[PDB]
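This report refers to the structure that appears directly beneath it.
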Amino acid sequence: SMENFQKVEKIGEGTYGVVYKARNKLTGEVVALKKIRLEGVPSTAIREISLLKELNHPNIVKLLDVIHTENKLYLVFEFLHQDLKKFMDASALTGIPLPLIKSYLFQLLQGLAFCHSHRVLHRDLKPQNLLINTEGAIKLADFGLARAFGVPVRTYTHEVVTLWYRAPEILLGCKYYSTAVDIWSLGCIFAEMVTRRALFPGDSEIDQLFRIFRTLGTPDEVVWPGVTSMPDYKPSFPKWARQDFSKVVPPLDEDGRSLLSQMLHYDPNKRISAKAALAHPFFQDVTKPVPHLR
Amino acid sequence: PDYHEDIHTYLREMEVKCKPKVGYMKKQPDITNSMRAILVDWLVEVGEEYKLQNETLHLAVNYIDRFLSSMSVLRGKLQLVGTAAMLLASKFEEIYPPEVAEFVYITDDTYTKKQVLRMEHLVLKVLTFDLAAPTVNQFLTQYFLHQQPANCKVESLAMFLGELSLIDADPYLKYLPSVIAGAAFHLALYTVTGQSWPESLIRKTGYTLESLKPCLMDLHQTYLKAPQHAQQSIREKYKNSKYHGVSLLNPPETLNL
Ligand SMILES: NS(=O)(=O)c1ccc(Nc2nc(OCC3CCCCC3)c3nc[nH]c3n2)cc1
């Protein structure tokens with residue numbers, strides 16, 4: 001079971017457990033090993049494994065095997081070479097070429113559309129959880145925070161999403177959130193790939209809301225019906241004007257700006273789905289080049 | 001909204017794959033339909049005590065039927081399988097699942113924490129971690145979107161009838177969740193409003209009153225005999241104002257199909 005694997009090095013530490021780079025000694029396959037030391041089997045692992053076994057897609061990290069050994073649970077994944085965050089830092093002085101940004105966004109939207117079509121919410125999209133390889137693929141990883149949803153949705157966990165990528169409807173405490181929260185995160189990531197800095201780098205929920213408001217305008221009942229009634233809405237909120245959207249991510253041209261604005265729509269009902277975004281004019285010339293580095 | 005059709009299609013595929021073996025109880029030497037009925041009724045109690053989602057109950061029952069489809073279990077161990085399944089279901093579905101200690105308490109201390117935790121492992125092994133199974137509940141909430149207009153009593157009555165189907169393996173094990181949900185929604189709709197399975201759902205599901213009839217005839221009888229059934233926890237549960245007291249409603253004498 002673990003006999004055929006040779007550990008290479010630690011990669012890092014996600015929602016729970018430890019991930020190692022390892023090598024299958026008989027086949028030569030390089031893999032990532034998620035090690036869980038065993039309140040019983042954690043719900044995060046129960047969710048991750050059950051959902052990942054259903055999700056078979058080129059832009060979703062592939063679960064290969066589940067190994068129940070003495071005292072430990074090992075998850076065997078396809079190995080990817082680098083996360084998006086480390087890749088953006090390596091692009092500090094050259095930037096990321098537009099065809100690569102465009103290709104990554106298109107792939108992430110495919111990955112997301114597949115998740116949503118299979119009633120799965122990821123709920124933790126951020127650059128550290130987006131993994132790239134040498135052939136130009138980008139893939140969704142760390143499904144520890146994911147869950148299967150119903151139609152229509154119930155109230156789910158209110159903690160969700162790393163603060164910088166957290167949707168307005170979560171921050172304002174709506175009873176219901178859904179697929180739109182993953183789209184919001186991707187919009188923030190789209191902006192980030194272009195500027196190579198976080199779009200809304202807040203350190204508190206109120207700071208996060210205000211940063212969002214200063215960029216997109218304080219939402220009123222016209223742009224987002226029901227907003228003034230939401231649990232965490234305060235009438236004392238400063239009312240910032242919506243600024244020239246071309247000033248939000250300056251290098252972006254008309255098609256890209258249009259797509260970003262639809263991804264960052266306040267109203268979760270009006271926010272573009274991953275499925276609909278695949279056909280946006282922005283992607284008319286999309287290709288799949290290899291990373292320009294390493 | 002943009003994913004309703006995709007999700008429904010996907011759940012229709014998965015309910016076939018996630019389905020328990022229809023004749024498994026005959027192959028079990030020590031347990032009966034009656035013993036399983038007692039188990040499911042007790043799980044209802046557990047769900048009521050810890051304020052668990054109805055979905056959690058439906059998942060746990062699916063885990064048990066699938067486990068018992070391949071694993072022979074002595075009568076004295078049936079409740080342990082039921083307890084681990086409800087623990088697993090809670091972890092999958094609940095925002096705040098009860099702790100393991102709470103599951104040990106409600107088993108009257110028949111089993112230890114170590115037994116419950118080892119049975120969790122075995123259930124996960126036997127089900128090969130495939131826990132995202134379609135349930136009657138998951139189809140009902142989708143069917144509810146087709147009401148004109150929405151009616152809380154129809155919704156609760158449909159959930160009540162769908163829950164009763166969990167108790168009796170004969171005959172409900174032979175029906176898929178989508179079909180049971182179809183019958184339950186139609187029966188609730190007819191009882192409350194006099195309306196029938198709507199055209200828009202024929203369009204969505206492919207089911208008609210003709211294809212739903214066999215399940216509907218069985219569900220009608222179960223509804224009629226519910227106050228005289230040996231297991232009563234579901235009727236007690238559905239007296240509460242949370243579910244609009246729908247178990248107090250009188251069943252129709254005929255369905256006129
Ligand atoms: N930092 S890095 O840039 O040096 C680099 C990054 C990630 C990986 N590889 C990799 N990582 C995974 O999860 C690792 C985990 C890290 C913590 C957050 C969630 C992701 C995987 N899960 C399946 N396949 C995986 N492959 C290689 C190099």
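Numbering starts fresh at 1 for the residues of each chain in the structure tokens, the chains themselves are lettered A, B, ... in the order given, and ligands are numbered from 1 as they appear.
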Please identify every residue of chain A that has at least one atom no more than 10 Å from any atom of chain B, counting only C-alpha atoms, and report them as a PDB file with C-alpha atoms, in the first residue's frame.
ATOM      1  CA  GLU A  39     -13.389  12.134  17.044  1.00  0.00           C
ATOM      2  CA  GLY A  40     -12.957   9.782  14.059  1.00  0.00           C
ATOM      3  CA  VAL A  41     -12.614  10.570  10.352  1.00  0.00           C
ATOM      4  CA  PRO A  42     -12.857  14.370   9.852  1.00  0.00           C
ATOM      5  CA  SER A  43     -15.844  15.790   7.964  1.00  0.00           C
ATOM      6  CA  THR A  44     -13.429  17.738   5.746  1.00  0.00           C
ATOM      7  CA  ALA A  45     -11.858  14.442   4.622  1.00  0.00           C
ATOM      8  CA  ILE A  46     -15.256  12.737   4.301  1.00  0.00           C
ATOM      9  CA  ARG A  47     -16.442  15.570   2.043  1.00  0.00           C
ATOM     10  CA  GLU A  48     -13.191  15.873   0.078  1.00  0.00           C
ATOM     11  CA  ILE A  49     -12.938  12.164  -0.748  1.00  0.00           C
ATOM     12  CA  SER A  50     -16.619  11.557  -1.595  1.00  0.00           C
ATOM     13  CA  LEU A  51     -16.786  14.642  -3.835  1.00  0.00           C
ATOM     14  CA  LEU A  52     -13.415  14.109  -5.560  1.00  0.00           C
ATOM     15  CA  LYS A  53     -14.325  10.535  -6.553  1.00  0.00           C
ATOM     16  CA  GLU A  54     -17.343  11.917  -8.472  1.00  0.00           C
ATOM     17  CA  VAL A  66      -7.386   6.179  -0.927  1.00  0.00           C
ATOM     18  CA  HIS A  68      -6.422   3.038   4.835  1.00  0.00           C
ATOM     19  CA  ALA A 113     -18.726  24.832 -14.322  1.00  0.00           C
ATOM     20  CA  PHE A 114     -18.153  21.088 -13.911  1.00  0.00           C
ATOM     21  CA  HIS A 116     -21.419  23.462 -10.102  1.00  0.00           C
ATOM     22  CA  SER A 117     -23.116  21.103 -12.613  1.00  0.00           C
ATOM     23  CA  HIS A 118     -22.395  18.290 -10.149  1.00  0.00           C
ATOM     24  CA  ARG A 119     -23.880  20.209  -7.196  1.00  0.00           C
ATOM     25  CA  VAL A 120     -20.466  21.029  -5.628  1.00  0.00           C
ATOM     26  CA  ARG A 147     -19.683  20.750   0.025  1.00  0.00           C
ATOM     27  CA  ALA A 148     -22.498  19.159  -1.973  1.00  0.00           C
ATOM     28  CA  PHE A 149     -25.439  21.559  -2.253  1.00  0.00           C
ATOM     29  CA  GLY A 150     -29.174  21.131  -2.817  1.00  0.00           C
ATOM     30  CA  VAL A 151     -31.638  22.734  -5.197  1.00  0.00           C
ATOM     31  CA  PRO A 152     -32.665  25.112  -3.889  1.00  0.00           C
ATOM     32  CA  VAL A 153     -29.855  25.657  -1.358  1.00  0.00           C
ATOM     33  CA  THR A 155     -28.328  27.757   4.867  1.00  0.00           C
ATOM     34  CA  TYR A 156     -24.779  26.357   4.954  1.00  0.00           C
ATOM     35  CA  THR A 157     -21.675  27.194   7.055  1.00  0.00           C
ATOM     36  CA  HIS A 158     -21.195  30.961   7.428  1.00  0.00           C
ATOM     37  CA  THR A 179     -22.526  28.988  -6.882  1.00  0.00           C
ATOM     38  CA  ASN A 269     -28.579  36.414  -9.286  1.00  0.00           C
ATOM     39  CA  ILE A 272     -22.358  35.512 -14.438  1.00  0.00           C
ATOM     40  CA  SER A 273     -22.240  31.719 -14.139  1.00  0.00           C
ATOM     41  CA  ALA A 274     -19.066  29.800 -15.025  1.00  0.00           C
ATOM     42  CA  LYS A 275     -20.995  28.069 -17.819  1.00  0.00           C
ATOM     43  CA  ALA A 276     -22.113  31.370 -19.415  1.00  0.00           C
TER      44      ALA A 276
END
For ligand 1, collect every residue having any atom at a distance of at most 8 Å from a ligand atom (counting only C-alpha atoms and all ligand atoms); output as a PyMOL selection string. chain A and resi 11-15+18-21+31-34+61-63+76-87+128-131+141-142
Can I get the selected residues back with N, CA, C and O atoms, as a tab-separated table (two decimals), in the first residue's frame?
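Here's the written file again.tsv:
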chain	number	residue	atom	x	y	z
A	11	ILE	N	5.35	19.44	0.58
A	11	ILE	CA	4.85	20.52	-0.27
A	11	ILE	C	4.23	21.62	0.59
A	11	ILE	O	4.54	22.80	0.41
A	12	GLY	N	3.37	21.24	1.52
A	12	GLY	CA	2.67	22.20	2.36
A	12	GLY	C	1.51	21.61	3.14
A	12	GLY	O	1.37	20.40	3.25
A	13	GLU	N	0.66	22.50	3.65
A	13	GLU	CA	-0.37	22.13	4.60
A	13	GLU	C	-1.65	22.88	4.26
A	13	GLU	O	-1.70	24.10	4.36
A	14	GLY	N	-2.67	22.13	3.84
A	14	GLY	CA	-3.93	22.73	3.41
A	14	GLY	C	-4.95	22.83	4.53
A	14	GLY	O	-4.59	23.08	5.69
A	15	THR	N	-6.22	22.62	4.18
A	15	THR	CA	-7.34	22.67	5.13
A	15	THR	C	-7.09	21.72	6.30
A	15	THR	O	-7.25	22.11	7.46
A	18	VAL	N	-1.24	16.84	5.80
A	18	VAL	CA	0.02	17.30	5.22
A	18	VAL	C	0.17	16.70	3.83
A	18	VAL	O	-0.12	15.52	3.62
A	19	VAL	N	0.62	17.52	2.88
A	19	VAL	CA	0.85	17.04	1.53
A	19	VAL	C	2.35	16.86	1.27
A	19	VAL	O	3.15	17.74	1.58
A	20	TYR	N	2.71	15.70	0.72
A	20	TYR	CA	4.08	15.39	0.33
A	20	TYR	C	4.17	15.09	-1.15
A	20	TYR	O	3.27	14.47	-1.71
A	21	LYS	N	5.25	15.51	-1.78
A	21	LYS	CA	5.62	14.99	-3.10
A	21	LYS	C	6.17	13.58	-2.89
A	21	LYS	O	6.97	13.35	-1.99
A	31	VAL	N	3.48	11.61	-7.61
A	31	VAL	CA	2.16	11.86	-7.01
A	31	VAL	C	2.28	12.84	-5.86
A	31	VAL	O	3.37	13.10	-5.36
A	32	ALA	N	1.14	13.41	-5.45
A	32	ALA	CA	1.04	14.15	-4.20
A	32	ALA	C	0.31	13.28	-3.17
A	32	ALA	O	-0.75	12.72	-3.47
A	33	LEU	N	0.88	13.17	-1.97
A	33	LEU	CA	0.28	12.37	-0.89
A	33	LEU	C	-0.26	13.26	0.22
A	33	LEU	O	0.50	13.96	0.88
A	34	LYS	N	-1.57	13.21	0.42
A	34	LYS	CA	-2.22	13.88	1.54
A	34	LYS	C	-2.30	12.91	2.72
A	34	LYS	O	-2.99	11.89	2.65
A	61	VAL	N	-8.04	18.67	-9.75
A	61	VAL	CA	-7.01	17.74	-9.30
A	61	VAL	C	-7.59	16.33	-9.11
A	61	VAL	O	-8.65	16.16	-8.48
A	62	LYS	N	-6.91	15.35	-9.69
A	62	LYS	CA	-7.42	13.99	-9.74
A	62	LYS	C	-7.03	13.18	-8.51
A	62	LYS	O	-5.84	13.05	-8.20
A	63	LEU	N	-8.03	12.67	-7.80
A	63	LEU	CA	-7.83	11.70	-6.73
A	63	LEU	C	-7.58	10.34	-7.38
A	63	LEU	O	-8.40	9.87	-8.16
A	76	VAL	N	-3.92	9.74	-2.36
A	76	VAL	CA	-2.98	9.83	-3.48
A	76	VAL	C	-3.60	10.65	-4.62
A	76	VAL	O	-4.62	10.26	-5.18
A	77	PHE	N	-2.95	11.77	-4.95
A	77	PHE	CA	-3.40	12.67	-6.02
A	77	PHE	C	-2.40	12.72	-7.17
A	77	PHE	O	-1.22	12.41	-6.98
A	78	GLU	N	-2.86	13.13	-8.35
A	78	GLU	CA	-1.93	13.54	-9.41
A	78	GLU	C	-1.07	14.70	-8.90
A	78	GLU	O	-1.57	15.59	-8.22
A	79	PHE	N	0.22	14.67	-9.22
A	79	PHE	CA	1.12	15.75	-8.81
A	79	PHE	C	1.09	16.92	-9.80
A	79	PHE	O	1.19	16.73	-11.01
A	80	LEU	N	0.96	18.12	-9.26
A	80	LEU	CA	1.14	19.32	-10.06
A	80	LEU	C	2.38	20.06	-9.57
A	80	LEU	O	2.82	19.83	-8.44
A	81	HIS	N	2.95	20.91	-10.41
A	81	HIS	CA	4.32	21.41	-10.22
A	81	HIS	C	4.49	22.69	-9.39
A	81	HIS	O	5.54	22.90	-8.79
A	82	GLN	N	3.45	23.52	-9.35
A	82	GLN	CA	3.52	24.82	-8.69
A	82	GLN	C	2.11	25.37	-8.48
A	82	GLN	O	1.21	25.03	-9.24
A	83	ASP	N	1.92	26.19	-7.45
A	83	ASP	CA	0.65	26.91	-7.29
A	83	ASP	C	0.69	28.26	-7.99
A	83	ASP	O	1.77	28.77	-8.29
A	84	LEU	N	-0.48	28.82	-8.26
A	84	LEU	CA	-0.60	30.09	-8.99
A	84	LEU	C	0.07	31.26	-8.28
A	84	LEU	O	0.60	32.16	-8.93
A	85	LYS	N	0.03	31.25	-6.95
A	85	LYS	CA	0.60	32.33	-6.14
A	85	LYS	C	2.12	32.42	-6.33
A	85	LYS	O	2.65	33.50	-6.60
A	86	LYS	N	2.81	31.29	-6.20
A	86	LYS	CA	4.26	31.27	-6.45
A	86	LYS	C	4.60	31.64	-7.89
A	86	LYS	O	5.63	32.26	-8.15
A	87	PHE	N	3.71	31.29	-8.82
A	87	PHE	CA	3.88	31.63	-10.24
A	87	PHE	C	3.76	33.13	-10.50
A	87	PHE	O	4.49	33.67	-11.33
A	128	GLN	N	-3.29	30.04	-3.90
A	128	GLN	CA	-2.60	28.89	-3.30
A	128	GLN	C	-3.26	27.53	-3.61
A	128	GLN	O	-2.59	26.50	-3.58
A	129	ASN	N	-4.56	27.54	-3.91
A	129	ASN	CA	-5.32	26.32	-4.23
A	129	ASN	C	-5.50	26.08	-5.72
A	129	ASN	O	-6.23	25.17	-6.13
A	130	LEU	N	-4.85	26.89	-6.55
A	130	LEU	CA	-4.91	26.72	-8.00
A	130	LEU	C	-3.55	26.26	-8.50
A	130	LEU	O	-2.57	26.98	-8.39
A	131	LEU	N	-3.50	25.05	-9.03
A	131	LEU	CA	-2.22	24.38	-9.32
A	131	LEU	C	-1.94	24.24	-10.82
A	131	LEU	O	-2.82	23.85	-11.59
A	141	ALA	N	-7.74	22.67	-6.66
A	141	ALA	CA	-7.28	21.76	-5.62
A	141	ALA	C	-7.79	22.19	-4.25
A	141	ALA	O	-8.43	23.25	-4.11
A	142	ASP	N	-7.50	21.36	-3.25
A	142	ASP	CA	-7.96	21.50	-1.88
A	142	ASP	C	-9.48	21.65	-1.75
A	142	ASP	O	-10.00	22.75	-1.55
What is the distance, in Å and to one decimal place, between CA of residue 98 in chain B and CA of residue 57 in chain B?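 Between CA of residue 98 in chain B and CA of residue 57 in chain B the gap works out to 13.6 Å.
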Determine, counting only C-alpha atoms, which protein, DNA and RNA residues have an atom within 9 Å of an atom of residue 47 in chain B; residues of the same chain fewer than 4 positions away are not included. Present the result as number ranges by chain. B: 42-43, 51-54, 56-57, 86
Any idea what's packed within 9 Å of residue 146 in chain B, counting only C-alpha atoms, ignoring anything in its chain fewer than 3 positions away? Could you give it as a short mmCIF file (atom, residue, chain, number, x, y, z; two decimals) with C-alpha atoms, in the first residue's frame?
data_model
loop_
_atom_site.label_atom_id
_atom_site.label_comp_id
_atom_site.auth_asym_id
_atom_site.auth_seq_id
_atom_site.Cartn_x
_atom_site.Cartn_y
_atom_site.Cartn_z
CA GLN B 142 -36.57 20.37 -6.77
CA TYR B 143 -40.19 19.29 -7.38
CA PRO B 149 -48.42 28.94 -6.04
CA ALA B 150 -46.08 27.63 -3.31
CA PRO B 198 -48.12 19.08 -12.99
CA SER B 200 -44.08 20.99 -16.02
CA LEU B 201 -42.77 18.01 -14.00
#
What's around residue 254 in chain B at 10 Å? Count only C-alpha atoms, leave out sequence neighbours fewer than 2 positions away in its own chain, and write the answer as a PyMOL selection string. chain B and resi 217+220+251-252+256-257
I need the chosen residues saved as a compact mmCIF listing (two decimals), in the first residue's frame, with C-alpha atoms.
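See result-v3.txt below for the written result:
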# COMPACT_ATOMS: atom_id res chain seq x y z
CA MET B 217 -50.79 2.92 -4.76
CA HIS B 220 -51.54 5.74 -0.50
CA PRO B 251 -55.65 11.08 3.89
CA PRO B 252 -57.96 10.90 0.87
CA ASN B 256 -59.23 8.49 -8.72
CA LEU B 257 -56.36 7.51 -11.05
Leaving out residue 234 in chain A and any residue of its chain fewer than 5 positions from it, which residues lie within 12 Å of it when counting only C-alpha atoms, given as a ChimeraX atom specification? /A:172-173,206,209-210,218-220,227-229,239
Take the residues just selected and output them with C-alpha atoms as a PDB file, in the first residue's frame.
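Wrote it out as result.pdb, contents follow:
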ATOM      1  CA  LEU A 172     -23.407  40.847   4.591  1.00  0.00           C
ATOM      2  CA  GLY A 173     -24.712  37.549   6.035  1.00  0.00           C
ATOM      3  CA  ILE A 206     -15.784  45.490   7.750  1.00  0.00           C
ATOM      4  CA  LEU A 209     -16.670  45.348   2.682  1.00  0.00           C
ATOM      5  CA  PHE A 210     -15.354  48.950   2.604  1.00  0.00           C
ATOM      6  CA  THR A 218     -21.671  51.143  -2.131  1.00  0.00           C
ATOM      7  CA  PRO A 219     -24.593  48.944  -3.286  1.00  0.00           C
ATOM      8  CA  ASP A 220     -28.064  50.460  -3.117  1.00  0.00           C
ATOM      9  CA  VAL A 227     -29.355  44.703   0.229  1.00  0.00           C
ATOM     10  CA  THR A 228     -30.493  47.265   2.835  1.00  0.00           C
ATOM     11  CA  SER A 229     -32.390  44.452   4.617  1.00  0.00           C
ATOM     12  CA  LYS A 239     -21.803  55.683   0.276  1.00  0.00           C
TER      13      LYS A 239
END
Write out as a ChimeraX atom specification all residues of range 15-100 of chain A that DSSP puts in strand (DSSP E) for this structure's backbone. /A:18-24,30-37,63-68,72-78,82-83
Take the residues from that selection and write them out as a CSV table (one decimal), in the first residue's frame, keeping N, CA, C and O atoms.
chain,number,residue,atom,x,y,z
A,18,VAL,N,-1.2,16.8,5.8
A,18,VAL,CA,0.0,17.3,5.2
A,18,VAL,C,0.2,16.7,3.8
A,18,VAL,O,-0.1,15.5,3.6
A,19,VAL,N,0.6,17.5,2.9
A,19,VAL,CA,0.9,17.0,1.5
A,19,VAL,C,2.4,16.9,1.3
A,19,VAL,O,3.2,17.7,1.6
A,20,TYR,N,2.7,15.7,0.7
A,20,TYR,CA,4.1,15.4,0.3
A,20,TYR,C,4.2,15.1,-1.2
A,20,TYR,O,3.3,14.5,-1.7
A,21,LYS,N,5.3,15.5,-1.8
A,21,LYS,CA,5.6,15.0,-3.1
A,21,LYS,C,6.2,13.6,-2.9
A,21,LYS,O,7.0,13.3,-2.0
A,22,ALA,N,5.7,12.6,-3.7
A,22,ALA,CA,6.2,11.3,-3.7
A,22,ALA,C,6.3,10.6,-5.0
A,22,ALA,O,5.7,11.2,-6.0
A,23,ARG,N,6.9,9.5,-5.1
A,23,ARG,CA,7.1,8.8,-6.4
A,23,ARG,C,6.7,7.3,-6.2
A,23,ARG,O,7.1,6.6,-5.3
A,24,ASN,N,5.8,6.9,-7.1
A,24,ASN,CA,5.5,5.5,-7.3
A,24,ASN,C,6.8,4.7,-7.9
A,24,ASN,O,7.2,5.1,-8.9
A,30,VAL,N,4.9,10.3,-10.5
A,30,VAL,CA,5.1,11.2,-9.4
A,30,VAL,C,3.7,11.6,-8.9
A,30,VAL,O,2.8,11.9,-9.7
A,31,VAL,N,3.5,11.6,-7.6
A,31,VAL,CA,2.2,11.9,-7.0
A,31,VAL,C,2.3,12.8,-5.9
A,31,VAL,O,3.4,13.1,-5.4
A,32,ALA,N,1.1,13.4,-5.5
A,32,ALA,CA,1.0,14.1,-4.2
A,32,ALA,C,0.3,13.3,-3.2
A,32,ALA,O,-0.7,12.7,-3.5
A,33,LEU,N,0.9,13.2,-2.0
A,33,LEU,CA,0.3,12.4,-0.9
A,33,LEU,C,-0.3,13.3,0.2
A,33,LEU,O,0.5,14.0,0.9
A,34,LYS,N,-1.6,13.2,0.4
A,34,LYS,CA,-2.2,13.9,1.5
A,34,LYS,C,-2.3,12.9,2.7
A,34,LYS,O,-3.0,11.9,2.6
A,35,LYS,N,-1.6,13.2,3.8
A,35,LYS,CA,-1.5,12.3,5.0
A,35,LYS,C,-2.4,12.9,6.1
A,35,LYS,O,-2.2,14.0,6.6
A,36,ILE,N,-3.3,12.0,6.5
A,36,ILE,CA,-4.2,12.4,7.6
A,36,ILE,C,-4.0,11.5,8.8
A,36,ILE,O,-4.2,10.2,8.7
A,37,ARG,N,-3.6,12.0,9.9
A,37,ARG,CA,-3.4,11.3,11.2
A,37,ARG,C,-4.8,11.2,11.9
A,37,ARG,O,-5.5,12.2,12.1
A,63,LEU,N,-8.0,12.7,-7.8
A,63,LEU,CA,-7.8,11.7,-6.7
A,63,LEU,C,-7.6,10.3,-7.4
A,63,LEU,O,-8.4,9.9,-8.2
A,64,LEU,N,-6.4,9.7,-7.1
A,64,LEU,CA,-6.0,8.5,-7.7
A,64,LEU,C,-6.3,7.2,-6.8
A,64,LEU,O,-6.7,6.2,-7.4
A,65,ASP,N,-6.1,7.4,-5.5
A,65,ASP,CA,-6.3,6.3,-4.6
A,65,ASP,C,-6.5,6.8,-3.2
A,65,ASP,O,-6.1,7.9,-2.8
A,66,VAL,N,-7.2,5.9,-2.3
A,66,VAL,CA,-7.4,6.2,-0.9
A,66,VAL,C,-6.9,5.0,-0.1
A,66,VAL,O,-7.4,3.9,-0.3
A,67,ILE,N,-5.8,5.2,0.7
A,67,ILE,CA,-5.2,4.1,1.4
A,67,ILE,C,-5.4,4.2,2.9
A,67,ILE,O,-4.9,5.1,3.6
A,68,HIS,N,-6.1,3.2,3.4
A,68,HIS,CA,-6.4,3.0,4.8
A,68,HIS,C,-5.4,2.1,5.4
A,68,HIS,O,-5.5,0.9,5.4
A,72,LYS,N,-3.4,5.7,10.0
A,72,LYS,CA,-3.3,6.8,9.1
A,72,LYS,C,-4.2,6.7,7.8
A,72,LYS,O,-4.4,5.6,7.3
A,73,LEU,N,-4.7,7.8,7.3
A,73,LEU,CA,-5.4,7.8,6.0
A,73,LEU,C,-4.6,8.6,5.0
A,73,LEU,O,-4.2,9.8,5.2
A,74,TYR,N,-4.2,8.0,3.9
A,74,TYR,CA,-3.4,8.6,2.8
A,74,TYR,C,-4.2,8.8,1.6
A,74,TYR,O,-4.8,7.8,1.0
A,75,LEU,N,-4.2,10.0,1.1
A,75,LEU,CA,-4.9,10.3,-0.2
A,75,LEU,C,-3.8,10.5,-1.3
A,75,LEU,O,-2.9,11.4,-1.1
A,76,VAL,N,-3.9,9.7,-2.4
A,76,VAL,CA,-3.0,9.8,-3.5
A,76,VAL,C,-3.6,10.6,-4.6
A,76,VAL,O,-4.6,10.3,-5.2
A,77,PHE,N,-3.0,11.8,-5.0
A,77,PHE,CA,-3.4,12.7,-6.0
A,77,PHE,C,-2.4,12.7,-7.2
A,77,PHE,O,-1.2,12.4,-7.0
A,78,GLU,N,-2.9,13.1,-8.4
A,78,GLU,CA,-1.9,13.5,-9.4
A,78,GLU,C,-1.1,14.7,-8.9
A,78,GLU,O,-1.6,15.6,-8.2
A,82,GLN,N,3.5,23.5,-9.4
A,82,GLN,CA,3.5,24.8,-8.7
A,82,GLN,C,2.1,25.4,-8.5
A,82,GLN,O,1.2,25.0,-9.2
A,83,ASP,N,1.9,26.2,-7.5
A,83,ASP,CA,0.7,26.9,-7.3
A,83,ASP,C,0.7,28.3,-8.0
A,83,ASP,O,1.8,28.8,-8.3
Helix (DSSP H, G or I) positions in range 132-267 of chain A, given as number ranges by chain: A: 143-145, 163-165, 168-171, 180-195, 205-216, 227-229, 245-247, 254-263
Between B:84, B:209, B:22, B:40, single out the one closest to residue 166 in chain B, counting only C-alpha atoms.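 Nearest to residue 166 in chain B: B:40.
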Nearest residue to residue 200 in chain A from the set A:223, A:108, A:248, A:259 (distances using only C-alpha atoms):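 When distances to residue 200 in chain A are compared using only C-alpha atoms, the smallest one comes from A:248.
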B:59, B:159, B:216, B:35 ranked by distance to residue 243 in chain B, top pick (using only C-alpha atoms):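 Closest candidate: B:159.
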Shortest interatomic distance to residue 46 in chain B - which of B:186, B:21, B:66, B:237, counting only C-alpha atoms: B:237
Excluding residue 239 in chain B and its own-chain neighbours fewer than 4 positions away, which residues fall within 12 Å of it when counting only C-alpha atoms? Please give them as number ranges by chain. B: 153, 156-157, 160, 232-235, 243-249
